[PDB]
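Let us start with two forms of the same protein chain, each given on its own as structure tokens and named structure 1 and structure 2.
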Structure 1
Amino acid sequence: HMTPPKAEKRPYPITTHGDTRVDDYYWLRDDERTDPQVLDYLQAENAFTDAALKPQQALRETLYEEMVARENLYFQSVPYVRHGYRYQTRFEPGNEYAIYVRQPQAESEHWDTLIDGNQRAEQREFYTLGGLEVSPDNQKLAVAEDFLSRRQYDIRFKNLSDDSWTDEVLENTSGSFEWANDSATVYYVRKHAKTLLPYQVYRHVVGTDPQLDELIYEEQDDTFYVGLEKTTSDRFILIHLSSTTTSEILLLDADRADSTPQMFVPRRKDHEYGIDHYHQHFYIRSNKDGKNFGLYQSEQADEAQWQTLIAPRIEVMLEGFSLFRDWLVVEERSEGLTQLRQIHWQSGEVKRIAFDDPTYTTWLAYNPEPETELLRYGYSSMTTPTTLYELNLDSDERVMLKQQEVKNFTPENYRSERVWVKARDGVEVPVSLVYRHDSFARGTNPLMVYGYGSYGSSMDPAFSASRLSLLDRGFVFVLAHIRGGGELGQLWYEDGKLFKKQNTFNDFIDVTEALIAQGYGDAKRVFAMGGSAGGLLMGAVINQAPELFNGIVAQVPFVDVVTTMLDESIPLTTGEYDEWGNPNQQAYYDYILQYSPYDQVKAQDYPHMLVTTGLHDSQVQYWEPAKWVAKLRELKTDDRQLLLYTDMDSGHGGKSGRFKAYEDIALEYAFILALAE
């Protein structure tokens, strides 16, 4: 029926290494975001989307309502104890925002309000709590708040004696801060006034003019993120400097006046390390001897003094650790599963935490106090809603503390599987899938295949309540654990980035083909979704294997890869040379251009596609998807649905859009369900 919007073509040549690319829609980029012809194209496309999806209104309402109906309005967090006070977070169905309360540990009856987000947000357009921490002496509250939706956090201080606030604000912070042990001095991270990258550490006396704050450290290399931590011992505040590949940690004495940063181990390309301090020792997770990391103990900084506790293993990725009185607990990945292991400091006794599920995730949860035998850890699976457990490390007694509540849900209605796919290069790729038992008939069910596959981020198999809206309508939901993710450790990441990035896209295709070949789904009703770097995945896969998929959702997709990575004026570019490569080098230019989805759009049939972006935010810049849709409309040879939905919001005023996240999920799901009908 309806004529889609047609963006004006303004041929813009980009020549690199003697290769001229002509970009007809380069002009859709306006960094000021005011060019009225740019806004007219984005608005036209939104009106086209509104018009094309108008018949799906009833279905979007049905989906929205059943998704909100699964959720308990009245959420209370699991209380935790820190420095002799018990803390709970509370949500009331009335309230937009959480209320944070606390009470002395020996108290039951009365709870004091620490901060009520609804009250802080009064007469403001926007509110995000970026951080909250009481001082060691329990007398002052430090908070990092964004009232402007720019992820620039203001830090403010509350006297808990009388609920009065101090007069100063620390502005343009990352929201990362630590208390010195005097409960009077705080260290915080200031963002660059132009790039907004975190780059300076300041020392502030609470109550005083921030003009008086002392510059403690400035990072010269803006590929290095600057964060603050505090050791389990409380002895040190850590300046944690890291790029994608390289770390460096400086120590601030948390007990003494006028501390200056003490070098731990000077940065060395491809050495990633993180430390803690406890029982008068440093504990270091380091890749110095192996890509899968080891754990070391040291009395001093000197790398040559680091004693091996856990050697790097090819079959086991070491992800993180927690320190307790009698036990070390580590988080590891092996054979495509997450695992926890405990090791006794004195006996050397090793225990593994046991599960019985093919598709689950387990992780160390929040354990703020080390003088305990009680470990808190999380568990989730594709069939079991997210659970917090408390384990006695000595007795092995496992107690549930909290379950995610899911209304209108019977877990035995669903089944999950782990599937391994031999990829085209013979590498085994794990898959996690879930579906409703009573509607499953081999070869007949629609498939929804989800992937990400960048930065060594893992799409670990866990529970989703919103996913039940697909499962209860006959979908088989698939997580494809493709290379570039981290499910099989650092080498799984490195075999899906830089000059191996094409493995990500190949794995996604190989998994999809295998699941159809094996009878998990209907060959004619295969859907996929991915966002941001997962949208790069969607964009490459539909250029390379357009016939495989019925329909696609590509959220905020990274698709203009070569042009973006040639331009340091775009946020992210200077930090992503170690992900995609630097196309100022001919070798990277050719390797990236081969998959860059915007460049590889051809005159061929594409699947149905919904593409989303946002004007006023960031991440992937709005122009990449808008150029991609314009180019697809110009070249594609099919008559299928192609829609661009641009979020125009001033921001997302509701934490980050609570209602709105469910509205977006309803619109995407209705789009896909309408295609499967």
Structure 2
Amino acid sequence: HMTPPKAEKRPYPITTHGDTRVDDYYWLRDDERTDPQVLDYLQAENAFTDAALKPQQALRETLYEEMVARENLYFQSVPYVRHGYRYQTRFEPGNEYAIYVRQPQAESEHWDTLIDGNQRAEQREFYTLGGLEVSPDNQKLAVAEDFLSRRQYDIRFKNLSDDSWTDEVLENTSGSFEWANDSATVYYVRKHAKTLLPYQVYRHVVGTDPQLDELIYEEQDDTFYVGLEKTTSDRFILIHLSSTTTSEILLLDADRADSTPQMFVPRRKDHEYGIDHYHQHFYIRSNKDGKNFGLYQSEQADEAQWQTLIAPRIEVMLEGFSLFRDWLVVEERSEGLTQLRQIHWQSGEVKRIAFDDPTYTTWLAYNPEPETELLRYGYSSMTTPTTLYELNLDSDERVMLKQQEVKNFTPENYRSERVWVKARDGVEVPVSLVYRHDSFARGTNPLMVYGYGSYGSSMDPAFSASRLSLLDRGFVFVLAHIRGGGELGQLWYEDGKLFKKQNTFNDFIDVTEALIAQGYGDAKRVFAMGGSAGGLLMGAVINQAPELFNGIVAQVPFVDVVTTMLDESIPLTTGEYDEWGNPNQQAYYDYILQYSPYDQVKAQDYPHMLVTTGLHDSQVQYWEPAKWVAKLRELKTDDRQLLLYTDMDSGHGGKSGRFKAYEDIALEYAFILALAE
């Protein structure tokens, strides 16, 4: 019926390595966000989406209501103790924002408000709490707050004795800060005025004019993120410098005045390490000897003095560790599972935390105090809502502390499986899938295949309450653990980036084909979704295998890859050469161009698709999805649905931000369910 918007063509040649690409929609980029023709095209596409999806309003209402109805809007966090006070976070249905309270550990009856987000948000357009930490002496509260929605945090200080605020504000910070052991001095990270990258460490005396703050360290290489940590021992504040491939840590004496940074190990390309300090030793997680990392103990910084505790192994990725009085606990991945292991400091006794589920995730949770035998760890699975456990490392007593509450939900109604797919190169690709038992009939059920597949980020199998809206309408929901993710460790990531990036897309197609061939779903009703680098995934797979999928949701998709990666004026570009490569080199230009979705759009039939973008940063700048839709409209030969939805709000923290997230999920799910009907 309806005529879609048609963006003006303004042929804009880009010549690299002698190769001229003509971009008809280069003009949809407006960094200044002034050009009224660009806004007319975004607004025209929103109006088309609104018009095309108007018949799905009733369904969107049904989905939104059923998703909000699963959630308990009275939520209290699990209390934790730190430095002799107990802390809890409270959510009431009448409150937009969380209230943070505390009480002395020996107290039970009375709680004191530490900070009330609703009061802080008064007379402001936006509020996000970026971090909160009381001083070691329990007398001062430090808060990192964003009132402007730009993820630039102001740090402020409250005197807890009289609930008065000090007069100063630390502005344009990352929100990363640490208290010196004097409860008087804080270190914090300042972001660059132009690029907004974290790049300087300052020392601030609480109460004083920030003009007096001392510059402690400035990072020269803006591919290196600057963060602060504090050791388990409280003896050092760490300046933690890291790029995608390379680490460097500087130590600040937390106890003495006028500390200067003390080098740990000088950076060297492709050596990633992280440290802690406890029991008069350094503990180092390092890939110096193996890509899957090892754990080392040292008396001193010198890498030559590091003693092997856990050697790197080909079949086990070491992800992290926590230190306790009698135990080392490590987080690992092996055979496509997350795992926790504990090793006694004295006996060497090893214990493995046991589970019984084919598709779960486990991780170290918050453990702020090391002088304990109690470990807090998280658990989730495709069938079991997210749970916090407390384990006695000595007795093995496992106690549930909190469960995610899911109303209108019977877990036995659902079944999950781990499936391994032999990919086209013979590599085994893990898959995690969940469906409703009583509506399952082999070969008949719609599939929704979800993937990410970049940066070594894992799509670990875990519970989703919103997902029940698809499962209760007959969908089989699939996580495809494709190369470029981290599910099989560092080599799984490296076999899906740079000159191996195509394996990400091939794996997603190979998994989809196998699940259809094996009877998990209806070949005619296969749907897929991904966002950001998962949107790059959507874009590449529909160019390469357009007939596989009935319909696609591509959220804030990275699709103009070659043009974006040729332009350092674009925020992320300078930090992403070690992900996609640098197309200033003809070898990377050719390899990337082969899959760059914007460049490989062809005159062929595509699946139905809903594409999203936003103005307010996103990883991906708003223009890439807009150009992509304009090009698809011009070239595609089918008459299927193609919609672009551009978020024009600036975005709320607190309850109505979650309200918004549910509205977006209901719009995407109604789009998919209407196609499956």
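The term rigid core refers to the most C-alpha atoms you can superpose between the two forms while keeping them within 1.5 Å. Structure 1's sequence is the ruler for residue numbers, which start at 1.
Core-aligned, between the two structures, one residue among 637, 618, 57, 37 moves its CA by 2 Å or more. Tell me which. Looking at each option in turn, only one qualifies, and it is 618.
State yes or no: after fitting on the rigid core, is the Cα displacement of residue 655 between the two structures at least 2 Å? Residue 655 C-alpha, core-superposed: shift of 2 Å or more.
Cα shift between the two structures at residue 670, which is computed once both forms share a superposed rigid core (Å): That residue's C-alpha sits 0.2 Å away in the other form.
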